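This document starts with one chain, in the form solved without this ligand, laid out as structure tokens.
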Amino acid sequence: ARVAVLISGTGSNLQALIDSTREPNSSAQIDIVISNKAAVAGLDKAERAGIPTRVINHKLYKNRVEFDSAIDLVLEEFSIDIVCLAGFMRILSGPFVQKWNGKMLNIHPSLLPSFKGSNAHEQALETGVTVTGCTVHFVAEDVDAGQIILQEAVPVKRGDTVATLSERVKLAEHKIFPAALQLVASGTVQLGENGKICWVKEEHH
């Protein structure tokens, strides 16, 4: 499967994803990284890795649909099969999300449905949970919404700060984002017609 990563900044987990695709039995290759913002660190990560990049500036388009159509055209040109969102900060239009239904993954630094929205590590600490985690899911129209592929529980430790909790969750993300991509890229996990996850036994051995 040919994979695009959409970013807006540092491309968190992008290196984890690249490294996983270089493993011997990978089902995925990262073929393009697209940012809506010029000269961000995630672009440099992609370029240093030899991966094509594009910048699509939302200010050059009249509205969200036209902007997202420009993203989709690049995806079409590069024959992309699967999109991963790695810190992408714009809300994708309904038409775009519908088109990519079941082929677009995002990650969130909580065990959804807990701690939706921004600042999930601070929300976990303020709430006083002892277990948090991260979640990889298919993207649906409501943000953080969409069917869950993988989750990993991560402990909150006595004394944690936002920084120490965030680095522990990030280590889990580095595990589950590539693992989820491989499941989807291999066809082991697909989104069924019923809109629920399907774990498929593949014909090819």
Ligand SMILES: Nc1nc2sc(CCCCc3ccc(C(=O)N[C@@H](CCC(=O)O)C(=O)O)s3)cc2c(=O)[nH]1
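When you see a residue number, it is the position in the sequence shown, counting from 1. Take the two forms, superpose them, and find the largest set of C-alpha atoms that agree within 1.5 Å; that set is the rigid core.
One more form of this protein should be noted, the form solved in complex with this ligand, which is absent from this view; the next part is about it.
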| query | finding |
| --- | --- |
| 4.5 Å heavy atom contact, residue 34 to this ligand in the bound PDB entry | no |
| Partner proximity in the bound PDB entry: residue 144 to this ligand, non-hydrogen atom cutoff 4.5 Å | yes |
| Interface membership of residue 139, this ligand in the bound PDB entry, 4.5 Å heavy atom rule | yes |
| Exercise: residue 71 in contact with this ligand in the bound PDB entry, heavy atom 4.5 Å | no |
| Candidate spot 91, 97 and 106, all three touching this ligand in the bound PDB entry (heavy atom, 4.5 Å) | yes |
| From 41, 148, 162, 171, residue displaced between the shown form and the other one - CA threshold 2 Å or more, rigid core | 162 |
| After fitting the core, residue 122 CA displacement of 2 Å or more between the shown form and the other one | yes |
